[PDB]
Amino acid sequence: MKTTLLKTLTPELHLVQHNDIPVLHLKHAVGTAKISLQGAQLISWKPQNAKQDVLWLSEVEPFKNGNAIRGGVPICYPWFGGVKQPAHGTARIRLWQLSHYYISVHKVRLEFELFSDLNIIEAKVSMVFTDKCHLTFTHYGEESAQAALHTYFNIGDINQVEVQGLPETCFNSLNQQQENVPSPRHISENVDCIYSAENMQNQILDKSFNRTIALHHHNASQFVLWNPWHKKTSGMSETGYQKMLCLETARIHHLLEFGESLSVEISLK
């Protein structure tokens, strides 16, 4: 819970150490953002006039080097979930570098890169801030890879949310079964399901904070909808599930090849 200023890059962009991990802080006309250099992980984004942060970050987040941060937009790569250990690959537990920052009147662009232990580029993340947030991940790996932008959206109450635009079926990881489903969808229990990405737009209606989080995905093959509900979840308080929902942009069954990207554009309405 201790922070220190590490570096003033510009008047609008600072590097601040949160416990063990360096985090960029952006404060600009377009709004504010925080990006952990560990995992090039956007953990806060509040566009101008938004009353609440768009992203959720665990109120008990440790900020410990090498331990995945619970919240924001973790980068799962080059494997998804627990098919191997550590779950979700190594990207989100490795320090990235800020390789470029562009600041102008109505827009801010930050680029992050991840390097192999042999000093060769492995992946890139770009983030473009306007009234919307466009985050893109590109793979420069050695083999085909899975990836996912595991976005944790901040909401007023899990009981007052509807998820618009997903298919009427999905694969339920909970019981490993394909199942039929409502659209819109509401969450009234532990949901851990993989949808085919038929249409690239879906949105999250929040009647507690009274806003809509609209999502325009690019190059997704799968969309993972997840809320742990009552399961104890490492780095989550016992009450955390009520204020978050994950709608993940993903390439799980359609792999990424060298130079292919996947991205999401986040906005409020």
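Sequential numbering from 1, following the sequence displayed.
- Across the two stretches, 164-172 and 124-132, the PDB entry reports the greater mean Cα temperature factor for 164-172.
- Between the stretches 198-206 and 54-62, it is 198-206 that shows the larger average CA temperature factor.
- When the Cα B-factors of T90, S99, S104, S144 are read from the PDB record, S104 comes out highest.
- Out of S221, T32, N49, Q41, it is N49 whose C-alpha atom has the highest B-factor in the PDB entry.
- In this PDB entry, the Cα temperature factor of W226 sits in the middle third of its chain's modelled residues.
- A214 sits in the highest third of its chain by CA B factor, as recorded in the PDB entry.
- When the CA B factors of the chain's modelled residues are split into thirds, the value for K27 lands in the middle one.
- Compared with the other modelled residues of the chain, the Cα B-factor recorded for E111 ranks in the lowest third.
- In the deposited entry, the Cα temperature factor of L149 places it in the lowest third of its chain's modelled residues.
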